[PDB]
C-alpha cells in the first residue's frame, strides 16, 4: 500500500513500469518525471471519501467515488488526477511550480503538481472538461462543486448512498 500526500492507495490490478521522461508542462517548463506506463487499478482514499481509480499511461480512464464530505471528495479527485499523471493535468499548469519545503528545497515535480492543483483546482477542472453524466442507474455525474449534476468531470462518477 502507498501514500501520495493525503491520497492513500491500494493496488487492485495491473502493473506500472516507471520510465524517466522529460515532460513539457502547461507553463512552458520542462520537468523530469518518472512516468508510469501500463494499465493499473487502485482502491483510493482521501479522508472520508473512498473510490476506485483506473488509469493508463498519462491517463485517468475512470474514477468511481462515494458521496462524502465535499472537501474530501474534491481532494480525492484532484489527487487522483495528479497521481494518474494525466496529460490534461500537466497542461493545466499556468503558474510556477516552485514551492519550497520546510527545508529550503524545491519539492519534486509530482509533489509540486499535487500542491499546485490542491491550491488551484479550477486550473485543473477548466482544463479537464465536462461530458454528459452517465445515466446508468447507480451512478451520477459530479460537477466542480461536488454536486450531482447532468454534466460531470470527464471520467468521474459517484455512487449513491443506498440501503
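Residue numbers count along the first chain shown, from 1.
**Q** Higher mean Cα B-factor in the deposited model: 83 to 91 or 68 to 76?
**A** So the stretch with the higher mean C-alpha B-factor is 68 to 76.
**Q** Out of 20 to 28 and 142 to 150, which one has CA B-factors that are higher on average in the deposited record?
**A** Averaged over C-alpha atoms, the B-factors run higher in 142 to 150.
**Q** Looking at 57, 127, 133, 112, which one carries the largest C-alpha B-factor according to the PDB entry?
**A** Reading the PDB entry, the winner on C-alpha B-factor is 133.
**Q** Within this chain, which third does the Cα B-factor at residue 35 fall in: lowest, middle or highest?
**A** Answer is lowest: the recorded C-alpha B-factor places it there.
**Q** Quick check on the deposited entry: does the C-alpha B-factor of residue 53 sit in the lowest, middle or highest third of its chain?
**A** Residue 53: CA B-factor falls in the middle third of its chain.
**Q** Would you please rank residue 103 by its C-alpha temperature factor against the other modelled residues of its chain and give the third it falls in: lowest, middle or highest?
**A** Highest third, going by the recorded CA B-factors of the chain.
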